[PDB]
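Single chain ahead, by itself, as structure tokens, in the form deposited without this ligand.
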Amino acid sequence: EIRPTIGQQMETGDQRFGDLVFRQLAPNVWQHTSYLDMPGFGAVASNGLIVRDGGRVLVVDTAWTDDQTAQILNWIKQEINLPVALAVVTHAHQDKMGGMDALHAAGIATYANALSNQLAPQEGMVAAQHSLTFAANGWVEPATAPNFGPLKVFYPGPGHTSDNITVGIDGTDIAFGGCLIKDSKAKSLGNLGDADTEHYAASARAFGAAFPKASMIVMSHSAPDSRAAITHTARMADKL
């Protein structure tokens, strides 16, 4: 008989759900966190977003696996119970696109950088259903991003990967750097095996310039931070 809203519940603090963690960042915006078990070592965390936009939900990034992504969808059903209209996934690595099959089975329309949709299938991953094309200035061509609501998608240039994209949430102070940006105390940029080391620093800067009003920077592999994360990341990336 105690029936708080999800917002009221998330005041208590971050919530464990199955093998995931959820955190409310602002009303109508939650961070999902999933973990890749690496035998003998600590599990690798990855963050994405869930946005309630009127009577629908929008997702940024899958979890590492289909099952973890199904757990995200279970949380949305239990706590929000609105249809998930679409998902945007932010490059062709496992932490961002490892759960595409779960999204597709749920009837969710999926979008990724056209380049991610080329890169993913040859890695044994599944492409998104729709491809985003970006103008030379980095902004998504609106015709390729129909019905995105508050999501503003920006290609900052090659960095963490050649295909990495970023997402601002209009009406909030939040911008999602995905795996491009690490927090202002990070001692490394993580696995740079697919990175463009020449352009990384400039791409981090371009993300900051694209979303100048975003005071909360959300990231895949760090907890949310203030804007100092952006220049810290660019400093770490300088002259790799």
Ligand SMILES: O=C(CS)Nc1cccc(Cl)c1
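Heads up: residue numbers just count along the shown sequence, starting at 1. Think of the rigid core as the biggest set of C-alphas that the two forms share within 1.5 Å after superposition.
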property: More shifted region, core-based fit in 6 other deposited structures of this protein, 72-80 vs 118-126 by CA; result: 118-126
property: Stretch departing more from the displayed form, 170-178 or 183-191, Cα RMS in 6 other deposited structures of this protein (core fit); result: 183-191
property: Mean C-alpha temperature factor, higher of 118-126 and 103-111; result: 118-126
property: Mean temperature factor over C-alpha atoms, higher-scoring stretch between 169-177 and 58-66; result: 169-177
property: Third assignment of residue 48 from its chain's C-alpha B-factors; result: lowest
property: Record-listed C-alpha B factor of residue 197: chain third; result: highest
property: Relative C-alpha B-factor of residue 159, binned into the chain's lowest, middle or highest third; result: middle
property: Where the record places residue 41 (Cα B-factor, split into thirds across the chain); result: highest
property: Chain-wide C-alpha B factor ranking for residue 226, given as lowest, middle or highest third; result: middle
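One more form of this protein, deposited with this ligand bound, exists but is not displayed; see below.
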| query | finding |
| --- | --- |
| Pocket open vs blocked [this ligand transferred in the deposited complex by site C-alpha superposition; 2.4 Å, backbone or C-beta, 3 atoms] | open |
| Selected contact from 60, 204, 179, 175, since only one has a non-hydrogen atom within 4.5 angstroms of this ligand in the deposited complex | 179 |
| 4.5 Å heavy atom contact, residue 44 to this ligand in the deposited complex | yes |
| Close approach of residue 64 to this ligand in the deposited complex, 4.5 Å, heavy atom | yes |
| Stretch from 93-101, 110-118, 132-140, 75-83 whose residues place a heavy atom within 4.5 Å of this ligand in the deposited complex | 93-101 |
| Interface residues of 218-240 toward this ligand, as seen in the deposited complex [heavy atoms, 4.5 Å] | 221 |
